[PDB]
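Chemist: Sharing a structure with you now.
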Amino acid sequence: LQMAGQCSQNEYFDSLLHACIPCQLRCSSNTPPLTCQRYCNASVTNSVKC
């Protein structure tokens, strides 16, 4: 149990990595933000005008 109680906003603790990682790292690619799907769309605006 490391960092379990102090993660950056919308950070995800990859049990495989043992580190709260930010959605960004997976927002701009791989589009795998299940708990970040809301943040990714609110982190890298797109569609309808630019």
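A note on labels: chains of the structure tokens are A, B, ... as shown, every chain counts residues from 1, and ligands are counted from 1 in their shown order.
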Within 8 Å of segment 15-28 of chain A, counting only C-alpha atoms, which residues qualify if same-chain residues fewer than 5 places away don't, as number ranges by chain?
Modeler: A: 2-3, 7-10, 33, 36, 39-40, 43-44
Chemist: Per DSSP on the backbone, what are the strand (DSSP E) residues of chain A, as a PyMOL selection string?
Modeler: chain A and resi 11-13+20-22
Chemist: Dump N, CA and C atoms for the selected residues as a CSV table (one decimal), in the first residue's frame?
Modeler:
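Output file part06.csv is given in full below:
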```
chain,number,residue,atom,x,y,z
A,11,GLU,N,-6.0,11.1,-10.7
A,11,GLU,CA,-4.9,10.2,-10.9
A,11,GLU,C,-5.3,8.8,-10.7
A,12,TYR,N,-4.7,7.9,-11.5
A,12,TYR,CA,-5.1,6.4,-11.4
A,12,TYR,C,-3.9,5.6,-11.0
A,13,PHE,N,-4.1,4.9,-9.8
A,13,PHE,CA,-3.1,4.0,-9.3
A,13,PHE,C,-3.1,2.7,-10.0
A,20,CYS,N,0.0,6.2,-8.9
A,20,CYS,CA,-1.1,7.0,-9.4
A,20,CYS,C,-0.6,7.7,-10.6
A,21,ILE,N,-1.1,7.3,-11.8
A,21,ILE,CA,-0.8,7.9,-13.0
A,21,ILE,C,-1.9,8.8,-13.5
A,22,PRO,N,-1.6,10.0,-14.2
A,22,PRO,CA,-2.6,10.9,-14.7
A,22,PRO,C,-3.2,10.4,-16.0
```
Chemist: Tell me, in Å to one decimal, how far atom CA of residue 5 of chain A is from atom CA of residue 29 of chain A.
Modeler: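 Taking atom CA of residue 5 of chain A as the start and atom CA of residue 29 of chain A as the end point, the length is 27.3 Å.
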Chemist: Within chain A, find each residue whose DSSP state, derived from the backbone, is alpha helix (DSSP H), and express the selection as a ChimeraX atom specification.
Modeler: /A:24-27,37-40
